[PDB]
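Asks: Before anything else, here's the structure in question.
So basically every Cβ, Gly included, is an ideal-geometry build from the backbone, and we count neighbours across all protein chains shown. Derivation of every value follows stated rules applied to the coordinates shown; laboratory data play no part.
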Amino acid sequence: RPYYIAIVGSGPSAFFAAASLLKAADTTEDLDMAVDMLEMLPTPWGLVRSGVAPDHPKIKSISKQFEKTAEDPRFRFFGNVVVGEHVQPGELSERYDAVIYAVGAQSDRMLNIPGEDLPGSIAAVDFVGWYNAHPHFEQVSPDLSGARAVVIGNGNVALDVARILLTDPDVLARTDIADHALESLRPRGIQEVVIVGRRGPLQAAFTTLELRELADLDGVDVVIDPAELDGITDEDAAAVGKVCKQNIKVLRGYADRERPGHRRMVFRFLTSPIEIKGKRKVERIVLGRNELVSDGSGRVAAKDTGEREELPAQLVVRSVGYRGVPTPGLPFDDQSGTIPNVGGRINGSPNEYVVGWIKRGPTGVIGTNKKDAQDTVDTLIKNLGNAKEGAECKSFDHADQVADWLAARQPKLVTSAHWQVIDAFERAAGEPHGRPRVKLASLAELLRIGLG
Ligand SMILES: Cc1cc2nc3c(=O)[nH]c(=O)nc-3n(C[C@H](O)[C@H](O)[C@H](O)COP(=O)(O)OP(=O)(O)OC[C@H]3O[C@@H](n4cnc5c(N)ncnc54)[C@H](O)[C@@H]3O)c2cc1C
Ligand SMILES: NC(=O)[C@H]1C=[N+]([C@@H]2O[C@H](COP(=O)(O)OP(=O)(O)OC[C@H]3O[C@@H](n4cnc5c(N)ncnc54)[C@H](OP(=O)(O)O)[C@@H]3O)[C@@H](O)[C@H]2O)C=CC1=O
């Protein structure tokens, strides 16, 4: 028999793991593999579909690689299966030789400041999910009619949020952005987005192409006050690294530009949100100035000066990181929002593993998940081999039984063939309108088409 591996999730780390498993089988005598991928949503691809911005279609093409893996007869997909709800980790661990958790980071990091729960104060997780038609975020429905939005954070997701808020809706109308978001964006209510970083430009997590792209936003001026660069030296930037060096060149270019009448994307560094205020909704934000100070760890940290400034704002989006969510039956590190592991094997388990953001934390481009997954898979395969040699493998038409069990637990599961129907529907909806697709934005609409 082949080894039977379950993979929980269908984003990049899941698909890289799947590919690594099948490659091992293809290149090793007396080693065969069967991979079942269980995905919470009706649709595969994780953040490649629901995270990557709608104006970033090019990198989404990595999905073709995932599709090629999914064509393998040894691979099966079961969508609309929520592990922790329909089936439990302890059940999967009985039915498979090994289980790989590739669940990513499904929630958000909080600021932990007063007013954070006011209507109008949301996380980028929820805003992005909403604009990308993720079914869990269909009702986020932010009010985008106010003149000023504030985005907290200095990673690339902060740039995505700011771009979507400020891009000409006629441009967004040719993307796969959610129709509900396009509708809210058409009035062009927001005139200024202020991106607020707690540390300085040299500590920014932005990457260079993404900063450069801002120059191509029709109708939008990028605003960086020259004072934001005082004390920011090319020497110090180069010492941080090559990306930082390039970033600072780009930021200097923006600061060199002086205009009434345009929408504005403003960068403020060395600033923290202290409190969000308003009568029943966000109306203003209190900001504090920081200075950089060595903390003894090898880095500089922001230290509050105690100074306070208030700025009117009607939307605050915190882009201060995604965050893992605990899975029933598995260990978890609250502080980091990751599952504790060693070389990808989960604590305390002989046959459960992690890959991707749930393993490493929520950082890295899509490709960073590849070596990560390979490393985990190598460990997994070594451990199976040891078990086989010790006559410690489970004894298992097992593939049929497990599929029947999945169908008993989730009669509305979505197979690969039915995802392909969803996919075709969405693409055919978009192409006549110049869009790659129009997404089905709720579970009900996805299932209307997918189970059909
Ligand atoms: C907003 C945003 C934009 C990004 N843009 C880019 C970009 O332009 N370029 C780039 O290279 N990288 C980009 N990234 C990074 C990229 O998205 C990540 O590196 C990558 O998607 C992480 O992969 P993952 O497999 O760990 O998690 P994910 O892609 O999050 O996949 C996790 C999957 O697990 C599923 N799942 C979760 N819990 C369960 C459960 N209990 N049961 C079943 N299934 C479950 C989820 O539904 C999801 O499909 C972006 C990230 C974000 C957040
Ligand atoms: N085109 C691309 O390559 C893209 C790549 N991604 C990539 O996805 C991941 C996740 O991006 P995301 O922006 O969510 O996270 P990071 O890059 O870690 O940035 C987090 C920022 O949040 C900041 N942060 C965290 N806590 C706070 C508090 N309390 N107050 C203020 N600011 C805070 C953090 O600041 P810090 O460096 O810790 O001082 C980062 O600027 C990251 O690796 C990205 O580069 C995301 C979008 C892309 O477009």
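Asks: Of all residues in region 12-65, count the ones that are surrounded by fewer than 20 Cβ atoms within 10 Å (Cβ to Cβ) and at positive phi.
Replies: 1
Asks: Kindly indicate whether residue 20 is in contact with a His (Cβ under 8 Å, 6 or more places away or on another chain) and within 15 Å of ligand 1 (Cβ to nearest atom). Outline the logic, then answer.
Replies: On the way: in contact with a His (Cβ under 8 Å, 6 or more places away or on another chain): no; within 15 Å of ligand 1 (Cβ to nearest atom): yes.
Against the criterion (in contact with a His (Cβ under 8 Å, 6 or more places away or on another chain) and within 15 Å of ligand 1 (Cβ to nearest atom)), residue 20 does not qualify.
Asks: Right, something else. Restricted to region 316-355, and to residues that are in contact with a helix residue (DSSP H, G or I) (Cβ under 6 Å, 6 or more places away or on another chain) and of a type in the set (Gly, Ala, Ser), which residue is surrounded by the most Cβ atoms within 10 Å (Cβ to Cβ)?
Replies: So the residue we want is 319.
Asks: Right, another one. Take the conditions within 15 Å of ligand 1 (Cβ to nearest atom), under 29 Å from residue 283 (Cα atoms) and not in a strand (DSSP E or B) and apply them to residue 66. Does it pass?
Replies: Considered against the rule, which asks whether it is within 15 Å of ligand 1 (Cβ to nearest atom), under 29 Å from residue 283 (Cα atoms) and not in a strand (DSSP E or B), residue 66 comes out as no.
Asks: For residues that are within 22 Å of the chain's Cα centre (by Cα) and small (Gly, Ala, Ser), scanning just region 194-211, find the one that is farthest from residue 242 (Cα to Cα).
Replies: Looking at residues that are within 22 Å of the chain's Cα centre (by Cα) and small (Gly, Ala, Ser), I get 197.
Asks: Say whether the condition of being part of a helix (DSSP H, G or I) and either over 22 Å from the mean Cα position of the chain (by Cα) or over 22 Å from residue 323 (Cβ atoms) (or both) is met by at least one residue in region 117-135. Even if it seems obvious, please write down each step before you answer.
Replies: So in region 117-135, the residues part of a helix (DSSP H, G or I) come out as 124-131, 135.
Narrowing the set further to residues that are either over 22 Å from the mean Cα position of the chain (by Cα) or over 22 Å from residue 323 (Cβ atoms) (or both) leaves none.
No, every residue in region 117-135 fails to be part of a helix (DSSP H, G or I) and either over 22 Å from the mean Cα position of the chain (by Cα) or over 22 Å from residue 323 (Cβ atoms) (or both).
Asks: A follow-up question, please. Identify all residues within region 160-205 that are surrounded by fewer than 19 Cβ atoms within 10 Å (Cβ to Cβ), outside any helix (DSSP H, G or I) and within 15 Å of ligand 2 (Cβ to nearest atom); write none if there are none.
Replies: 205, the sole residue that qualifies.
Asks: Within the bounds of region 208-216, is there any residue that is in contact with a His (Cβ under 8 Å, 6 or more places away or on another chain) and more than 16 Å from ligand 1 (Cβ to nearest atom)?
Replies: Checked region 208-216: no residue is in contact with a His (Cβ under 8 Å, 6 or more places away or on another chain) and more than 16 Å from ligand 1 (Cβ to nearest atom).
Asks: Please specify each residue of region 1-55 satisfying the condition of being among the basic types (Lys, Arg) and either in contact with a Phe, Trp or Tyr (Cβ under 9 Å, 6 or more places away or on another chain) or more than 16 Å from ligand 2 (Cβ to nearest atom) (or both).
Replies: Residues satisfying the conditions are 1, 23.
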